[PDB]
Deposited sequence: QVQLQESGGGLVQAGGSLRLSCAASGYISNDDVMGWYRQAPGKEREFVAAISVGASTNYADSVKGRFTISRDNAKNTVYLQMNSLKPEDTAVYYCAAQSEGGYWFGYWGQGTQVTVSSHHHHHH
C-alpha cells in the first residue's frame, strides 16, 4: 500500500550540509502531503517540514532559512536539504506520508543525523 525508505543520513561537522531522501514504495497521491519529523533520543517526534498542493511548503521555525523540502512526484520521492547544520539538528529523522485523514499515518524507519 504505502511504504517509506529514508537514506542520506550520516555524521557531519557543524556548518556542513546533508541531503536526506525518502523513497515511497506503495501508492501515494500527488495531493497527499509528505514531510519530515525528527526525534532526538528519548525526546518525542518533532515536526520539521512538509510539502502539499502546488509544491507548497511548511517549515518548523528552527529550520527556516536552512532546510529545504522538495518532491519528485514522478518517482514519489521527497528530499530534505539540510544546510548550516547545527548540533540542535542531531536526531533520528523520519519521513511521513498522509494517510487516507489529515494526519501523518505512514512512517519510514528513519535515518540518523549527527552534527558535531
Review point. Which residue ranges of the deposited sequence are not present in the modelled coordinates?
Key: 101, 118-124
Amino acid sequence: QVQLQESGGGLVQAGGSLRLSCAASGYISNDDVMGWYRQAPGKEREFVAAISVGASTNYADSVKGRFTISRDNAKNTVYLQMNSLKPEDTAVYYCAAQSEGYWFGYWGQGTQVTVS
From here on, numbers count along this sequence of modelled residues.
Practice item. Return whichever of 49-57 and 27-35 has the greater mean Cα B factor according to the PDB record. Key: 27-35
Exercise for review: Decide which of the stretches 59-67 and 40-48 has the higher mean C-alpha B-factor, going by the entry.
Suggested key: 40-48
Review point. What third of the chain, by the recorded C-alpha B-factor, contains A74?
Key: highest
Exercise for review: Select lowest, middle or highest to describe the third in which the CA B-factor of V12 falls within its chain in this entry.
Suggested key: highest
